[PDB]
């Protein structure tokens, strides 16, 4: 019941007489424990940027309240001190609008909660190469965090086939300002995977997709630093450390 910022954890709770799980009147959804039928699960995530120092949750049962305290740990993320901090960019109106529009779309998707499992066992990595840029690489103008790498980058020459980390429904399959050519998949229970900077999109919004199924070709779209696959996980409303999430998720749903 310590959690590093930008990570998810799976809380286990007794199923019997459970009524709700709350965080200051935010209801946290619950789903079945796959291997213990007397338990349920909930995903709790702390944001990378500007998280609470401590979190208290209440699980309300028919005959009892149960408090749950989680301290925010800082972790050991690569960070470096920005030296400029003009901090305010001044983009053209046409770009501000497209960003704004795409941000409203994405927030509508990531806020929605499909209350069933759309995945199929464990997550696989979307590509069998290696990490060239880690999740959580931060740029700080003290005393906090100016920007951070909200996913992890795999080495990929332009045109490398990218496969869905798990089964789900495609919710985004288009070119967006920061993500380039983007695929976003709903796996259920508020878990979304993100495949950014693609050179080709091979799926369509609404499509049901299987684990291991081709979703496009890596590229360098929307990416300044050249070709790579940006892979993200959003869970519990927040961007979380994707390889961390996958190992925790797979430890439960294998």
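Positions refer to the first chain, counted from 1.
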- Task: Would you mind comparing 196 to 204 and 60 to 68 for me and telling me which has the higher average C-alpha temperature factor in the entry?
- Result: 60 to 68
- Message: Per the record, averaged over C-alpha atoms, which has the higher B-factor: 25 to 33 or 184 to 192?
- Response: 25 to 33
- Query: Say you rank 224, 41, 217, 229 by Cα B-factor from the PDB entry; which sits at the top?
  - Reply: 224
- Out of 171, 78, 101, 174, which shows the largest CA B-factor listed in the entry? 78
- Item | residue 83 by Cα B-factor - lowest, middle or highest third of the modelled chain | highest
- In terms of the chain's CA B-factor thirds, is residue 151 lowest, middle or highest? middle
- residue 126 - which third its CA temperature factor falls in, relative to the rest of the chain: lowest
- Note on the structure: So, residue 161's CA B-factor, relative to its chain, sits in which third? The lowest
- Based on the entry's values, in what third of the chain does the Cα temperature factor of residue 135 lie: lowest, middle or highest? middle
